[PDB]
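Text of final-v7.cif (mmCIF, C-alpha atoms) as supplied:
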data_my_file
loop_
_atom_site.label_atom_id
_atom_site.label_comp_id
_atom_site.auth_asym_id
_atom_site.auth_seq_id
_atom_site.Cartn_x
_atom_site.Cartn_y
_atom_site.Cartn_z
CA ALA A 2 -275.77 -37.39 -243.30
CA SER A 3 -272.00 -37.23 -243.98
CA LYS A 4 -272.71 -35.27 -247.17
CA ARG A 5 -270.76 -32.00 -246.84
CA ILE A 6 -268.16 -33.46 -244.45
CA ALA A 7 -267.19 -36.95 -245.61
CA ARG A 8 -268.06 -37.16 -249.32
CA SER A 9 -267.29 -33.72 -250.74
CA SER A 10 -264.26 -31.59 -251.60
CA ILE A 11 -263.02 -28.86 -253.96
CA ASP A 12 -261.21 -29.64 -257.22
CA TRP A 13 -257.52 -28.98 -256.57
CA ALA A 14 -256.54 -29.98 -260.12
CA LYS A 15 -257.37 -26.56 -261.58
CA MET A 16 -255.83 -24.91 -258.51
CA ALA A 17 -252.32 -26.25 -259.14
CA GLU A 18 -252.29 -25.05 -262.77
CA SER A 19 -251.90 -21.37 -261.89
CA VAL A 20 -249.86 -21.10 -258.68
CA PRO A 21 -246.25 -19.95 -259.38
CA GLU A 22 -244.73 -22.29 -256.75
CA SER A 23 -242.61 -20.02 -254.54
CA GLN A 24 -245.00 -17.10 -255.12
CA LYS A 25 -247.94 -19.14 -253.79
CA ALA A 26 -246.22 -21.65 -251.48
CA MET A 27 -249.06 -21.08 -249.00
CA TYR A 28 -251.11 -23.32 -251.31
CA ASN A 29 -248.92 -26.14 -249.99
CA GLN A 30 -250.31 -25.15 -246.59
CA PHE A 31 -253.83 -24.67 -247.98
CA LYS A 32 -253.91 -28.13 -249.54
CA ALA A 33 -252.53 -29.53 -246.26
CA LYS A 34 -254.35 -27.56 -243.54
CA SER A 35 -257.71 -28.15 -245.22
CA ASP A 36 -256.66 -31.80 -245.48
CA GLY A 37 -256.53 -31.69 -241.69
CA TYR A 38 -260.17 -30.62 -241.81
CA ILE A 39 -260.60 -33.62 -244.11
CA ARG A 40 -258.72 -35.89 -241.67
CA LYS A 41 -261.03 -35.05 -238.78
CA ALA A 42 -263.82 -35.37 -241.35
CA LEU A 43 -262.74 -39.00 -241.73
CA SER A 44 -263.90 -39.28 -238.12
CA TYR A 45 -266.96 -37.50 -236.69
CA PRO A 46 -270.17 -38.83 -238.27
CA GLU A 47 -273.69 -37.75 -237.34
CA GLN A 48 -274.68 -40.90 -235.40
CA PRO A 49 -271.48 -42.80 -234.52
CA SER A 50 -273.28 -45.67 -232.75
CA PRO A 51 -277.05 -46.32 -232.65
CA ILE A 52 -278.22 -47.48 -229.23
CA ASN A 53 -279.72 -50.98 -229.09
CA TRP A 54 -282.50 -50.26 -226.61
CA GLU A 55 -283.74 -53.86 -226.88
CA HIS A 56 -280.39 -55.10 -225.53
CA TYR A 57 -280.67 -52.80 -222.50
CA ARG A 58 -284.30 -53.87 -222.02
CA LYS A 59 -283.18 -57.51 -221.94
CA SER A 60 -280.17 -56.74 -219.71
CA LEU A 61 -282.19 -54.75 -217.13
CA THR A 62 -284.99 -56.02 -214.90
CA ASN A 63 -286.77 -52.66 -215.07
CA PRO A 64 -286.88 -51.37 -218.68
CA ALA A 65 -288.54 -48.06 -217.74
CA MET A 66 -285.13 -46.37 -217.45
CA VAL A 67 -284.26 -47.58 -220.96
CA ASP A 68 -287.52 -46.16 -222.34
CA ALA A 69 -286.99 -42.87 -220.48
CA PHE A 70 -283.44 -42.52 -221.83
CA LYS A 71 -284.65 -43.38 -225.34
CA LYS A 72 -287.37 -40.73 -225.06
CA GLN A 73 -284.84 -38.16 -223.80
CA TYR A 74 -282.45 -39.04 -226.64
CA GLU A 75 -285.19 -38.66 -229.25
CA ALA A 76 -286.42 -35.41 -227.67
CA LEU A 77 -282.98 -33.76 -228.05
CA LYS A 78 -281.63 -32.77 -231.47
CA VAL A 79 -278.48 -30.71 -231.90
CA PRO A 80 -278.70 -28.17 -234.80
CA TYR A 81 -275.89 -26.85 -237.00
CA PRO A 82 -273.40 -24.50 -235.28
CA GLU A 83 -273.64 -20.74 -235.60
CA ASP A 84 -271.56 -18.88 -238.18
CA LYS A 85 -270.02 -15.41 -238.07
CA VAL A 86 -267.28 -15.83 -240.71
CA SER A 87 -269.66 -15.71 -243.70
CA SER A 88 -269.72 -11.90 -243.85
CA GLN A 89 -265.92 -11.77 -243.56
CA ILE A 90 -265.50 -14.25 -246.43
CA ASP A 91 -268.03 -12.31 -248.53
CA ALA A 92 -266.10 -9.09 -247.84
CA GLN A 93 -262.85 -10.80 -248.85
CA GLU A 94 -264.58 -12.12 -251.98
CA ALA A 95 -265.81 -8.63 -252.90
CA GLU A 96 -262.34 -7.15 -252.36
CA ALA A 97 -260.91 -9.97 -254.48
CA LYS A 98 -263.43 -9.18 -257.23
CA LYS A 99 -262.42 -5.50 -257.21
CA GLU A 100 -258.70 -6.35 -257.32
CA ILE A 101 -259.27 -8.91 -260.09
CA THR A 102 -261.20 -6.30 -262.10
CA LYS A 103 -258.33 -3.83 -261.65
CA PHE A 104 -255.74 -6.46 -262.58
CA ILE A 105 -257.74 -7.49 -265.65
CA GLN A 106 -257.92 -3.84 -266.73
CA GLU A 107 -254.14 -3.50 -266.33
CA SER A 108 -253.64 -6.75 -268.25
CA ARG A 109 -255.87 -5.45 -271.05
CA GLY A 110 -253.85 -2.24 -271.21
CA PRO B 8 -198.77 32.52 -296.78
CA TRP B 9 -198.40 30.88 -293.38
CA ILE B 10 -201.52 32.55 -291.97
CA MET B 11 -203.79 31.22 -294.70
CA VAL B 12 -202.05 27.84 -294.48
CA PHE B 13 -202.69 27.75 -290.72
CA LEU B 14 -206.34 28.74 -291.07
CA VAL B 15 -207.06 26.30 -293.91
CA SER B 16 -205.21 23.45 -292.18
CA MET B 17 -207.13 23.95 -288.94
CA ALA B 18 -210.47 24.31 -290.72
CA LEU B 19 -209.73 21.05 -292.53
CA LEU B 20 -208.67 19.32 -289.31
CA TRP B 21 -211.95 20.40 -287.75
CA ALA B 22 -213.77 19.21 -290.86
CA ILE B 23 -212.10 15.80 -290.54
CA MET B 24 -213.08 15.80 -286.86
CA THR B 25 -216.73 16.34 -287.69
CA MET B 26 -216.54 13.70 -290.43
CA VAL B 27 -215.26 11.08 -287.98
CA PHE B 28 -217.82 12.16 -285.36
CA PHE B 29 -220.65 10.87 -287.54
CA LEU B 30 -218.77 7.72 -288.60
CA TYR B 31 -220.31 5.08 -286.37
CA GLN B 32 -222.63 2.12 -286.80
CA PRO B 33 -225.73 2.33 -284.59
CA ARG B 34 -226.19 -1.23 -283.37
CA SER B 35 -229.80 -1.89 -282.35
CA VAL B 36 -229.06 -5.00 -280.31
CA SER B 37 -231.30 -3.89 -277.44
CA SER B 38 -232.79 -7.25 -276.50
CA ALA B 39 -236.31 -7.32 -275.03
CA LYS B 40 -235.73 -10.37 -272.81
CA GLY B 41 -236.50 -8.31 -269.70
CA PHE B 42 -240.19 -8.31 -270.64
CA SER B 43 -240.11 -12.10 -270.17
CA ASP B 44 -239.85 -11.39 -266.42
CA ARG B 45 -241.45 -7.94 -266.07
CA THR B 46 -245.00 -9.30 -265.82
CA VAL B 47 -245.98 -10.29 -262.28
CA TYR B 48 -249.07 -12.39 -261.59
CA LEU B 49 -251.82 -11.16 -259.29
CA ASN B 50 -251.20 -11.97 -255.63
CA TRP B 51 -253.92 -13.94 -253.88
CA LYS B 52 -255.05 -13.75 -250.25
CA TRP B 53 -253.69 -16.20 -247.69
#
Here is a file; write its structure as structure tokens.
Amino acid sequence: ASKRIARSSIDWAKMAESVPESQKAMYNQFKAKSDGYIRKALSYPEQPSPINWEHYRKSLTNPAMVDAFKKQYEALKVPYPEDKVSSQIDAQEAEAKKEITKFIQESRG
Amino acid sequence: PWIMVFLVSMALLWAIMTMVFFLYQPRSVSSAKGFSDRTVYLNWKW
């Protein structure tokens, strides 16, 4: 895969055009801490090393163990981890929308 | 006529006082540079 881990990001160019430096110095953390989640994203692919079962068949007198381990490896698939922060982020987004609407109204006034 | 002299002199001195009281130049040099820093941007969530 490596789609939404290795080869994707968020455009920081429009992010730096609004932040008033010392007012939003946590953006310096946000561009850096998320970069840590990009740095571990440089590692950690889906399949880091495919198993050459033919090599183990040639290197073992009895290849039935190799076939059994290949069948067990194909029979097990790990799914995506569970999430419980989506509702919290949606609540923060809704509160942000309300505060932005209030701030826009005050700016209009 | 010292009484009328005294009353007219003091009425004139008070009249000069209220002429000077309105002799000033109202300088409207109230700069509005404070509004260049009154606006505060909306705080985000971190």
With only C-alpha atoms as the counted atoms, please give the residues lying no more than 10 Å from region 20-34 of chain A, apart from itself and same-chain residues fewer than 3 positions off, as an mmCIF file with C-alpha atoms, in the frame of the given file.
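Here's the written file result.cif:
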data_model
loop_
_atom_site.group_PDB
_atom_site.id
_atom_site.type_symbol
_atom_site.label_atom_id
_atom_site.label_comp_id
_atom_site.auth_asym_id
_atom_site.auth_seq_id
_atom_site.Cartn_x
_atom_site.Cartn_y
_atom_site.Cartn_z
ATOM 1 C CA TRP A 13 -257.520 -28.980 -256.570
ATOM 2 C CA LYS A 15 -257.370 -26.560 -261.580
ATOM 3 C CA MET A 16 -255.830 -24.910 -258.510
ATOM 4 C CA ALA A 17 -252.320 -26.250 -259.140
ATOM 5 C CA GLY A 37 -256.530 -31.690 -241.690
ATOM 6 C CA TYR A 38 -260.170 -30.620 -241.810
ATOM 7 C CA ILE A 39 -260.600 -33.620 -244.110
ATOM 8 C CA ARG A 40 -258.720 -35.890 -241.670
ATOM 9 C CA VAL B 47 -245.980 -10.290 -262.280
ATOM 10 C CA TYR B 48 -249.070 -12.390 -261.590
ATOM 11 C CA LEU B 49 -251.820 -11.160 -259.290
ATOM 12 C CA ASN B 50 -251.200 -11.970 -255.630
ATOM 13 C CA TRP B 51 -253.920 -13.940 -253.880
ATOM 14 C CA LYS B 52 -255.050 -13.750 -250.250
ATOM 15 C CA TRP B 53 -253.690 -16.200 -247.690
#
Could you write out as an MDAnalysis selection string the residues that the PyMOL selection byres ((chain A and resi 70-76) around 12) matches in the shown file?
-> chainID A and resid 48 51:55 57:58 64:69 77:79
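The space between CA of residue 6 (chain A) and CA of residue 42 (chain A) spans 5.7 Å.
Using all atoms listed in the file for every distance, the candidate list A:85, A:98, A:41, A:59 yields A:98 as the residue closest to chain B.
The two atoms in question, CA of residue 27 (chain B) and CA of residue 8 (chain B), are spaced 28.4 Å apart.
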Record the distance separating CA of residue 81 (chain A) and CA of residue 9 (chain A), expressed in Å with one decimal.
-> 17.6 Å
Add whatever atoms are absent from region 55-69 of chain A to reach N, CA, C and O atoms, and provide the output as a PDB file, in the coordinates of the input.
ATOM      1  N   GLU A  55    -283.256 -52.518-227.185  1.00  0.00           N
ATOM      2  CA  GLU A  55    -283.740 -53.860-226.880  1.00  0.00           C
ATOM      3  C   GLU A  55    -282.725 -54.634-226.041  1.00  0.00           C
ATOM      4  O   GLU A  55    -283.105 -55.410-225.154  1.00  0.00           O
ATOM      5  N   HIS A  56    -281.432 -54.437-226.312  1.00  0.00           N
ATOM      6  CA  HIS A  56    -280.390 -55.100-225.530  1.00  0.00           C
ATOM      7  C   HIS A  56    -280.402 -54.624-224.081  1.00  0.00           C
ATOM      8  O   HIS A  56    -280.239 -55.429-223.155  1.00  0.00           O
ATOM      9  N   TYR A  57    -280.597 -53.321-223.864  1.00  0.00           N
ATOM     10  CA  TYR A  57    -280.670 -52.800-222.500  1.00  0.00           C
ATOM     11  C   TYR A  57    -281.979 -53.195-221.823  1.00  0.00           C
ATOM     12  O   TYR A  57    -282.013 -53.338-220.596  1.00  0.00           O
ATOM     13  N   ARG A  58    -283.059 -53.356-222.593  1.00  0.00           N
ATOM     14  CA  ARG A  58    -284.300 -53.870-222.020  1.00  0.00           C
ATOM     15  C   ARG A  58    -284.137 -55.314-221.561  1.00  0.00           C
ATOM     16  O   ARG A  58    -284.663 -55.697-220.509  1.00  0.00           O
ATOM     17  N   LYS A  59    -283.417 -56.127-222.336  1.00  0.00           N
ATOM     18  CA  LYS A  59    -283.180 -57.510-221.940  1.00  0.00           C
ATOM     19  C   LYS A  59    -282.182 -57.605-220.785  1.00  0.00           C
ATOM     20  O   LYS A  59    -282.290 -58.509-219.948  1.00  0.00           O
ATOM     21  N   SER A  60    -281.214 -56.693-220.722  1.00  0.00           N
ATOM     22  CA  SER A  60    -280.170 -56.740-219.710  1.00  0.00           C
ATOM     23  C   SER A  60    -280.558 -56.056-218.405  1.00  0.00           C
ATOM     24  O   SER A  60    -279.788 -56.115-217.442  1.00  0.00           O
ATOM     25  N   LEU A  61    -281.720 -55.410-218.346  1.00  0.00           N
ATOM     26  CA  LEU A  61    -282.190 -54.750-217.130  1.00  0.00           C
ATOM     27  C   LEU A  61    -283.543 -55.313-216.730  1.00  0.00           C
ATOM     28  O   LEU A  61    -284.406 -55.552-217.581  1.00  0.00           O
ATOM     29  N   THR A  62    -283.713 -55.533-215.423  1.00  0.00           N
ATOM     30  CA  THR A  62    -284.990 -56.020-214.900  1.00  0.00           C
ATOM     31  C   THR A  62    -286.096 -54.994-215.107  1.00  0.00           C
ATOM     32  O   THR A  62    -287.214 -55.347-215.497  1.00  0.00           O
ATOM     33  N   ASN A  63    -285.799 -53.717-214.867  1.00  0.00           N
ATOM     34  CA  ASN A  63    -286.770 -52.660-215.070  1.00  0.00           C
ATOM     35  C   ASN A  63    -286.429 -51.910-216.342  1.00  0.00           C
ATOM     36  O   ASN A  63    -285.438 -51.162-216.359  1.00  0.00           O
ATOM     37  N   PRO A  64    -287.194 -52.068-217.423  1.00  0.00           N
ATOM     38  CA  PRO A  64    -286.880 -51.370-218.680  1.00  0.00           C
ATOM     39  C   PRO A  64    -287.426 -49.957-218.773  1.00  0.00           C
ATOM     40  O   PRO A  64    -287.328 -49.355-219.846  1.00  0.00           O
ATOM     41  N   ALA A  65    -287.996 -49.413-217.693  1.00  0.00           N
ATOM     42  CA  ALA A  65    -288.540 -48.060-217.740  1.00  0.00           C
ATOM     43  C   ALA A  65    -287.438 -47.013-217.867  1.00  0.00           C
ATOM     44  O   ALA A  65    -287.650 -45.964-218.488  1.00  0.00           O
ATOM     45  N   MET A  66    -286.266 -47.275-217.282  1.00  0.00           N
ATOM     46  CA  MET A  66    -285.130 -46.370-217.450  1.00  0.00           C
ATOM     47  C   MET A  66    -284.650 -46.347-218.892  1.00  0.00           C
ATOM     48  O   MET A  66    -284.269 -45.289-219.406  1.00  0.00           O
ATOM     49  N   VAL A  67    -284.664 -47.505-219.558  1.00  0.00           N
ATOM     50  CA  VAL A  67    -284.260 -47.580-220.960  1.00  0.00           C
ATOM     51  C   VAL A  67    -285.225 -46.784-221.837  1.00  0.00           C
ATOM     52  O   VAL A  67    -284.806 -46.054-222.745  1.00  0.00           O
ATOM     53  N   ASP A  68    -286.530 -46.906-221.572  1.00  0.00           N
ATOM     54  CA  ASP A  68    -287.520 -46.160-222.340  1.00  0.00           C
ATOM     55  C   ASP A  68    -287.425 -44.660-222.063  1.00  0.00           C
ATOM     56  O   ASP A  68    -287.600 -43.845-222.976  1.00  0.00           O
ATOM     57  N   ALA A  69    -287.149 -44.283-220.811  1.00  0.00           N
ATOM     58  CA  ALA A  69    -286.990 -42.870-220.480  1.00  0.00           C
ATOM     59  C   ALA A  69    -285.760 -42.273-221.155  1.00  0.00           C
ATOM     60  O   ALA A  69    -285.817 -41.150-221.671  1.00  0.00           O
TER      61      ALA A  69
END
